[PDB]
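Inspection log for the structure reproduced underneath, given as structure tokens.
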Amino acid sequence: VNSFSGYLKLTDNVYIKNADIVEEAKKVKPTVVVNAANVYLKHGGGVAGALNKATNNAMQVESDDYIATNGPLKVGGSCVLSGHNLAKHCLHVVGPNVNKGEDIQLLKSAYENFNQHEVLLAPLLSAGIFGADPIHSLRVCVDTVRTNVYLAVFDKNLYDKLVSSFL
Ligand SMILES: CC(C)(O)[C@@H]1[C@H]2CCCC[C@H]2CN1c1ncnc2[nH]ccc12
């Protein structure tokens with residue numbers, strides 16, 4: 001039993017809700033919140049900018065030190081950093097950006113990072129400003145993640161389309 005509330009069950013391990021991941025995180029304080037990051041951990045907009053803003057820029061300050069020490073992430077890769085006031089940990093995951101010419105097959109590699117965590121609150125990777133089809137992202141998520149994932153879909157119209165089209 002966990003404290004996630006109001007989710008629709010899609011599969012044995014995947015759940016979905018029309019909600020802002022930032023608001024879900026503030027309320028639940030999950031062990032892991034996933035950020036839809038880029039390789040530079042530059043949290044400008046979308047999920048990343050919204051999470052970072054909610055931490056009063058502490059996520060960005062921590063991230064800049066991470067990059068100065070370790071260099072950029074790989075597309076498809078991840079790192080675990082603090083969740084600040086929103087969660088115990090933030091798993092920063094980089095899905096491919098099709099606007100940058102990055103390979104969509106890397107979306108599966110990105111979701112594989114979720115399997116290192118028993119329970120996660122997450123957005124659909126590569127959706128929104130990353131330019132990929134959110135329906136496809138949900139399919140890859142369901143077919144790749146085996147741990148328990150709670151997906152927050154910020155756009156209500158998109159949520160309804162995802163549920164109604166889900167096979
Ligand atoms: C596709 C996805 C991941 O569901 C959505 C999608 C909704 C409309 C705009 C573009 C995307 C933003 N993203 C978010 N998801 C959850 N929480 C969020 N907080 C702020 C942004 C945000």
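Chains: A, B, ... in order of the structure tokens. Residues: from 1 per chain. Ligands: from 1, in order shown.
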
**OP:** Please identify the residues whose atoms come within 12 Å of ligand 1, using only C-alpha atoms and all ligand atoms, and report them as a PyMOL selection string.
**Re:** chain A and resi 16-26+33-37+43-54+95+121-138+150-162

**OP:** If you run DSSP over the backbone, which residues in stretch 46-106 of chain A end up alpha helix (DSSP H)? Put them as a list in words.
**Re:**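 Put together, the selection reads residues 46, 47, 48, 49, 50, 51, 52, 53, 54, 58, 59, 60, 61, 62, 63, 64, 65, 66, 67, 68, 69, 70 and 106 of chain A.
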
**OP:** Using only C-alpha atoms, find the one residue out of A:91, A:32, A:98, A:41 that sits nearest to residue A:72.
**Re:** A:41

Subject >> Surrounding residues of residue A:30 excluding itself and chain neighbours under 5 positions, 10 Å, only C-alpha atoms, as a list in words >> reply: residues 2, 3, 4, 24, 25, 83, 86, 87, 88, 89, 90, 119, 120 and 121 of chain A

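The environment of residue A:79 within 8 Å, counting only C-alpha atoms and disregarding residues fewer than 5 places along the same chain, consists of residues 73, 91, 92 and 93 of chain A.
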
Once you have the residues from the selection above, write them out as an mmCIF file, in the first residue's frame, restricted to N, CA, C and O atoms.
data_model
loop_
_atom_site.group_PDB
_atom_site.id
_atom_site.type_symbol
_atom_site.label_atom_id
_atom_site.label_comp_id
_atom_site.auth_asym_id
_atom_site.auth_seq_id
_atom_site.Cartn_x
_atom_site.Cartn_y
_atom_site.Cartn_z
ATOM 1 N N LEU A 73 25.292 13.916 -19.026
ATOM 2 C CA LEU A 73 24.718 12.586 -19.137
ATOM 3 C C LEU A 73 24.714 12.138 -20.596
ATOM 4 O O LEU A 73 24.940 12.921 -21.520
ATOM 5 N N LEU A 91 15.352 11.242 -9.829
ATOM 6 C CA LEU A 91 16.009 10.515 -10.906
ATOM 7 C C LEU A 91 15.891 11.354 -12.172
ATOM 8 O O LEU A 91 14.797 11.486 -12.739
ATOM 9 N N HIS A 92 17.002 11.970 -12.578
ATOM 10 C CA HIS A 92 17.042 12.771 -13.793
ATOM 11 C C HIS A 92 17.286 11.822 -14.953
ATOM 12 O O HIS A 92 18.343 11.185 -15.014
ATOM 13 N N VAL A 93 16.317 11.704 -15.856
ATOM 14 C CA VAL A 93 16.392 10.766 -16.970
ATOM 15 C C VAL A 93 16.324 11.546 -18.268
ATOM 16 O O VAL A 93 15.437 12.393 -18.437
#

Original post:
Which one is closest to residue A:146: A:13, A:99, A:5, A:38? Count only C-alpha atoms.
Top reply: A:13

Subject >> Among the residues A:141, A:167, A:39, A:94, the one that comes closest to residue A:70 [using only C-alpha atoms] >> reply: A:39

**OP:** For atom CA of residue A:78 and atom CA of residue A:110, quote the distance in Å rounded to one decimal.
**Re:**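 Atom-to-atom, atom CA of residue A:78 to atom CA of residue A:110, that is 7.5 Å.
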
Original post:
For residue A:14, which residue out of A:109, A:67, A:166, A:145 is the nearest one, using only C-alpha atoms?
Top reply: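 That would be A:145, the residue with the smallest distance to residue A:14.
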
Original post:
Just how far from atom CA of residue A:66 is atom CA of residue A:140, in Å to one decimal?
Top reply: 28.6 Å

Subject >> Å distance separating atom CA of residue A:148 from atom CA of residue A:118, one decimal place >> reply: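 Pair atom CA of residue A:148 / atom CA of residue A:118 returns 6.1 Å.
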
I need the residues in stretch 8-162 of chain A that are strand (DSSP E or B) according to DSSP; give them as a CSV table (one decimal) with N, CA and C atoms, in the first residue's frame.
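Dumped everything to result23.csv:
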chain,number,residue,atom,x,y,z
A,8,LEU,N,-5.6,5.8,-12.3
A,8,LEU,CA,-6.2,4.8,-13.1
A,8,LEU,C,-5.1,3.7,-13.3
A,9,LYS,N,-5.5,2.4,-13.1
A,9,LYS,CA,-4.5,1.3,-13.2
A,9,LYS,C,-4.5,0.9,-14.7
A,14,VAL,N,1.7,-0.2,-13.9
A,14,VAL,CA,1.7,1.2,-14.4
A,14,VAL,C,0.3,1.8,-14.1
A,15,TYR,N,0.4,3.0,-13.5
A,15,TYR,CA,-0.8,3.8,-13.1
A,15,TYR,C,-0.7,5.2,-13.7
A,16,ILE,N,-1.8,5.8,-14.0
A,16,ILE,CA,-1.8,7.1,-14.7
A,16,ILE,C,-2.8,8.0,-14.1
A,17,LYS,N,-2.6,9.4,-14.1
A,17,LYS,CA,-3.4,10.4,-13.5
A,17,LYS,C,-3.2,11.7,-14.2
A,18,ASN,N,-4.3,12.4,-14.4
A,18,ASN,CA,-4.2,13.8,-15.0
A,18,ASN,C,-3.8,14.7,-13.8
A,32,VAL,N,11.0,8.6,-5.0
A,32,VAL,CA,11.7,9.0,-6.3
A,32,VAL,C,10.7,9.8,-7.1
A,33,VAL,N,11.0,11.0,-7.5
A,33,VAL,CA,10.4,11.7,-8.6
A,33,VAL,C,11.3,11.7,-9.8
A,34,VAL,N,10.8,11.4,-11.0
A,34,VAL,CA,11.6,11.5,-12.2
A,34,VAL,C,11.5,12.8,-12.8
A,35,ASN,N,12.6,13.4,-13.2
A,35,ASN,CA,12.7,14.6,-14.1
A,35,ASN,C,13.0,14.2,-15.5
A,36,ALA,N,12.3,14.8,-16.4
A,36,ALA,CA,12.5,14.7,-17.9
A,36,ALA,C,13.6,15.7,-18.2
A,37,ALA,N,14.9,15.2,-18.0
A,37,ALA,CA,16.0,16.1,-18.1
A,37,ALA,C,16.6,16.1,-19.5
A,78,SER,N,20.8,8.5,-17.0
A,78,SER,CA,20.2,9.1,-15.8
A,78,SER,C,21.3,9.3,-14.7
A,79,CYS,N,20.9,10.1,-13.7
A,79,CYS,CA,21.6,10.2,-12.5
A,79,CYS,C,20.6,10.4,-11.4
A,80,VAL,N,21.0,10.0,-10.2
A,80,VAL,CA,20.2,10.2,-9.0
A,80,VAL,C,20.8,11.4,-8.2
A,81,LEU,N,19.9,12.4,-8.0
A,81,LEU,CA,20.3,13.5,-7.2
A,81,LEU,C,19.2,13.7,-6.1
A,82,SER,N,19.4,14.8,-5.3
A,82,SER,CA,18.4,15.0,-4.3
A,82,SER,C,17.0,15.3,-4.8
A,89,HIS,N,14.5,11.5,-3.5
A,89,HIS,CA,15.5,11.6,-4.6
A,89,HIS,C,14.8,12.0,-5.8
A,90,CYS,N,15.6,12.6,-6.7
A,90,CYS,CA,15.1,12.9,-8.1
A,90,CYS,C,16.0,12.1,-9.0
A,91,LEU,N,15.4,11.2,-9.8
A,91,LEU,CA,16.0,10.5,-10.9
A,91,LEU,C,15.9,11.4,-12.2
A,92,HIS,N,17.0,12.0,-12.6
A,92,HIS,CA,17.0,12.8,-13.8
A,92,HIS,C,17.3,11.8,-15.0
A,93,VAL,N,16.3,11.7,-15.9
A,93,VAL,CA,16.4,10.8,-17.0
A,93,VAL,C,16.3,11.5,-18.3
A,94,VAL,N,17.2,11.2,-19.2
A,94,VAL,CA,17.3,11.9,-20.5
A,94,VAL,C,16.7,11.0,-21.5
A,119,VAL,N,9.5,2.0,-6.8
A,119,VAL,CA,8.4,2.9,-7.0
A,119,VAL,C,8.8,4.2,-7.4
A,120,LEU,N,8.1,4.8,-8.4
A,120,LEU,CA,8.5,6.1,-8.9
A,120,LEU,C,7.3,6.9,-9.3
A,121,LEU,N,7.3,8.2,-9.1
A,121,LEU,CA,6.4,9.2,-9.7
A,121,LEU,C,7.1,9.8,-10.9
A,122,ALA,N,6.5,9.8,-12.1
A,122,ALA,CA,7.2,10.1,-13.3
A,122,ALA,C,6.3,10.8,-14.4
A,148,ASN,N,7.0,-0.2,-10.1
A,148,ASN,CA,5.7,0.4,-10.0
A,148,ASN,C,5.9,1.9,-10.3
A,149,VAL,N,5.2,2.3,-11.4
A,149,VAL,CA,5.4,3.7,-11.9
A,149,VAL,C,4.0,4.4,-11.9
A,150,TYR,N,4.0,5.6,-11.3
A,150,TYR,CA,2.8,6.4,-11.2
A,150,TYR,C,3.1,7.6,-12.2
A,151,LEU,N,2.3,7.6,-13.3
A,151,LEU,CA,2.5,8.6,-14.3
A,151,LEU,C,1.6,9.8,-14.1
A,152,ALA,N,2.1,11.0,-14.1
A,152,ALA,CA,1.4,12.3,-14.0
A,152,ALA,C,1.4,12.9,-15.4
A,153,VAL,N,0.2,13.0,-16.0
A,153,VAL,CA,0.0,13.7,-17.3
A,153,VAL,C,-0.7,15.0,-17.0
